[PDB]
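A.B. asks: This is the structure alone, sequence omitted:
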DNA sequence: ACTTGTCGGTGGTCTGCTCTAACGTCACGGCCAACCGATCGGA
């Protein structure tokens, strides 16, 4: 780490752990209401591909009304 | 070795300082049993060692407020080191040895300590164990004695004097409790005779608590832990008796002196006696196994007692 | 220039604070004190010595691969095994520990007890001995605790190592020493007296040996882990059976003069006053137990205690009294 | 009294090289399946 980052972490007390944040976030320009979550784990006897331990899929549902720019025909 | 013990102490200092937020120098020195300079050197050595990388916000940091010690960054030292087999075994052995001693410690507390230590270390039935799960043989006199010692209150004890073979009720003020050999003795000041005497727990039938919190004289005059004024004195008479080979019971329970070996059993020993009657009873108990040699007066008294006993048995039916 | 204690402290801190296994090269480069090694072999020898010393202190080092995709081995100290579970101690337990920490006298036992007390105090609880105000007077005259100190330490060490014990034991000072080789099982105390429990390899029986009789030559022999005592065996029950065999013997009626024989008065089960030969007293029906002990107790009091039944005990007492009254010639 | 540089040994794991002696002896497989224009090399 850069010396400034180490100094800041020392001052504020946030310990520097060897972890990288990879949180899943909603992509740009998307929203809606979560309707279903499916979680797969290797320990539950699932035919997961080799090297994979956890796999979670989140479904987002959205209702789109008609507006400017939409194409009708 | 010494270095290993120093390392263990230095590693376990951090949890101790975390447990007590503002422990002073004197308390730490008393807890660790070390001098001030040694504790200061150990604290300095512990101050400048910590996380790899060696940043001032990474290694162990303290906060000195006057003469107080506080921890600001444990550097991962959150719990003390575990207990090795030897020290845990020694602690368990000491606790199980002291639980059976009457009056030195409450049996319930000893059992609770044993259970908690076994749970913490995870020991099993393959370790040292006691004889009785629940004693229940305490008549309550030991608890009263301990309460009197703690609260410094007058106590009444009915002590059986083995030398004189009589029951004497005395009012004494407890001073301290000491252990001699395998028989713990209670040390207290008796106003009836104005002297310090040692009373054994098994010889006390019952104890009565009184509301007379009077300070005993010895604390105001002399409070020596030993006070063995009559335990071993040259003024105590000594009896010279012949001991047979068969009568080997007394070779262990009594302090025989001047022991000499003879295949024909013509060599005797010498043992002190508190009272003439006690020595006479001790001689008469063994029967023909013990022969009286000196003094002549003791032998004559024993012979007269034996003749009187024979006459009494002849008269009785 | 880094002291050995500082080096070991740095090493243990680095191992504890690292969640992944570390190879030797990373420890050499990172941890201070390992950068002054003139050669790689010297560093390896020093690291092996330090690791052996740390392992001797009970720290549970774990060795494994750095990663599932790598072959090099690394080092890591488990935090769960390194940390003892928390325990809450009351005032009574603290007083008990403070009283018990001042019993041993051997330097090894004293050091072990001091280390255990230090660890217990650092766990969070407080132990104080000045509040109780109880000390120990006798320090070199105890035949059970002080006398049987090195022997007890050797037996405990052998039990921990799971090895047989060879020693010399004699039933009495009159008898001769006999070499005994038994497999230890445990130590049980009764009335403040130690009793070693084990199985003899020369007689094939379970025997209890009093530690006072056993000399200090408690040599441990046999490979470690070769002793597997059954779990269902209750050592305390065996010790209790060995302490006393005869339950109550028989019932004997003894006449004792009133006001005396308090020791025999306490042992009386039933009492019945009776005056014989112009002397008042009470006739008590008591047990027998050890015949010799009862005979000695009766003969000690002389005319104070008069035996009535059985006739054999009265005859024995009369014979002993006649032998005493013979004048010491025989 | 404690500790360390220097010396030598075991066993396991990862990595590389050399050897094996009945007789054996010259490959299928084939896309491509457009369209126009310009240029160099044979007949």
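C.D. replies: Ah, there it is. Residues are numbered from 1 along each chain as shown, chains lettered A, B, ... in the order given.
A.B. asks: Show the residue spans covered by the strands in the stretch 51-200 of chain B.
C.D. replies: Assigned by DSSP state E, counting those that start in this stretch, the strands in the stretch 51-200 of chain B fall at B:61-62, B:68-69, B:71-73, B:155-161, B:166-180, B:183-190, B:195-200.
A.B. asks: Can I get those in CSV including distance to residue B:277?
C.D. replies: To be clear about C-beta, it is placed using only N, CA and C from the backbone, and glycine gets the same treatment. Converted to CSV, the strands of the stretch 51-200 of chain B look like this (distance: least, C-beta to C-beta, whole Å):
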stretch, distance to residue B:277
strand B:61-62, 70
strand B:68-69, 64
strand B:71-73, 68
strand B:155-161, 11
strand B:166-180, 11
strand B:183-190, 22
strand B:195-200, 19
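A.B. asks: which of these is buried the deepest?
C.D. replies: Highest mean neighbour count among the strands of the stretch 51-200 of chain B (mean count of other C-beta atoms under 10 Å in any protein chain shown): strand B:183-190, with a mean of 21.
A.B. asks: What strands flank that strand, and is each parallel or antiparallel?
C.D. replies: strand B:166-180 (antiparallel), strand B:195-200 (antiparallel) (DSSP bridges).
A.B. asks: burial of the closest residue to chain B within chain A, as a residue count?
C.D. replies: For chain A and chain B, the shortest gap (C-beta to the nearest C-beta) falls at residue A:10, measuring 2.2 Å. The number of residues packed near residue A:10 is 17, by other C-beta atoms under 10 Å in any protein chain shown.
A.B. asks: Kindly state the beta-bridge partners for residue C:282.
C.D. replies: Beta-bridge partners recorded for residue C:282 (DSSP bridges): residue C:256, residue C:273.
A.B. asks: If I follow the layout properly, residue B:250 ends up in contact with residue B:259?
C.D. replies: No - in this structure, residue B:250 is not within contact of residue B:259 by C-beta atoms under 8 Å, at 11.3 Å.
A.B. asks: if we can go back for a sec, quick one: which of the strands of the stretch 51-200 of chain B is nearest residue C:133?
C.D. replies: The closest of those to residue C:133 is strand B:166-180. By C-beta to C-beta, the value is 6.4 Å.
A.B. asks: That closest one vs strand B:155-161, what angle?
C.D. replies: 100 degrees (axes from the mean of the first three to the mean of the last three C-alpha atoms, to 10 degrees).
A.B. asks: Which stretches in the chain count as helices?
C.D. replies: As the question left the chain open, I've gone with chain A. Ranges of helices in chain A, per DSSP state H, are A:3-12.
A.B. asks: look at chain C instead
C.D. replies: All helices of chain C, identified by DSSP H, fall at C:4-17, C:24-30, C:40-56, C:79-82, C:91-100, C:107-122, C:150-161, C:235-243, C:262-267, C:291-301, C:311-325.
A.B. asks: Which residue lies nearest the spatial centre of chain B?
C.D. replies: residue B:179 (2.9 Å; C-alpha atoms, centre = their mean).
A.B. asks: Distance across stretch C:205-215, terminal residue to terminal residue?
C.D. replies: 21 Å (C-alpha to C-alpha, to the nearest Å).
A.B. asks: Can you point out the buried residues in it?
C.D. replies: Across stretch C:205-215, burial judged by 16 or more other C-beta atoms under 10 Å in any protein chain shown covers C:206-209, C:211, C:213-214.
A.B. asks: okay if I get those as TSV plus distance to residue B:165?
C.D. replies: Output for those, formatted as TSV (distance: C-beta to C-beta, whole Å):
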residue	distance to residue B:165
C:206	41
C:207	38
C:208	34
C:209	36
C:211	34
C:213	32
C:214	36
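A.B. asks: is it true that residue B:201 touches residue B:177?
C.D. replies: No - using C-beta under 8 Å, residue B:201 and residue B:177 do not qualify as a contacting pair, with a distance of 9.7 Å.
A.B. asks: about what we covered before: who has more neighbours out of residue B:250 and residue B:259?
C.D. replies: Between residue B:250 and residue B:259, counting by other C-beta under 10 Å, residue B:250 is the more crowded of the two (17 against 12).
A.B. asks: Can you tell me the closest non-neighbouring residue to whichever residue of the stretch 1-150 of chain B sits closest to chain A?
C.D. replies: Residue nearest to chain A within the stretch 1-150 of chain B (C-beta to the nearest C-beta): residue B:57, separated by 2.2 Å. Counting by C-beta to C-beta, 6 or more residues apart in numbering or on different chains, residue B:57 lies nearest to residue A:10, which is 2.2 Å off, once chain neighbours are set aside.
A.B. asks: who's in contact with the one you found?
C.D. replies: When contacts are counted by C-beta atoms under 8 Å, 6 or more residues apart in numbering or on different chains, residue A:10 is found next to B:55-58.
A.B. asks: Inside helices: which ones of those residues?
C.D. replies: Reading helices off the contacts of residue A:10, I find no matches (DSSP H).
A.B. asks: And the residues you listed, which two are furthest apart?
C.D. replies: B:56 and B:58 (7.2 Å).
A.B. asks: Compare these two and say which is more crowded by neighbours.
C.D. replies: residue B:58 (19 against 11).
A.B. asks: what sits against the nearest residue to that one once chain neighbours are set aside?
C.D. replies: Leaving aside its chain neighbours, residue B:58 sits nearest to residue B:51 (4.0 Å; criterion: C-beta to C-beta, 6+ apart). Residue B:51 makes contacts with B:58-59, B:75-76, C:13-14, C:17, as judged by C-beta under 8 Å, 6+ apart.
A.B. asks: out of these, which one sits closest to residue A:50?
C.D. replies: residue C:17 (32.8 Å).
A.B. asks: Residue C:181: how many residues sit nearby?
C.D. replies: Neighbours of residue C:181 (other C-beta under 10 Å): 15.
A.B. asks: The most centrally placed residue in chain A and residue C:312: what is the separation?
C.D. replies: Nearest to the geometric centre of chain A sits residue A:24, at 0.8 Å (C-alpha atoms, centre = their mean). Going from residue A:24 to residue C:312 by C-beta to C-beta, to the nearest Å gives 98 Å.
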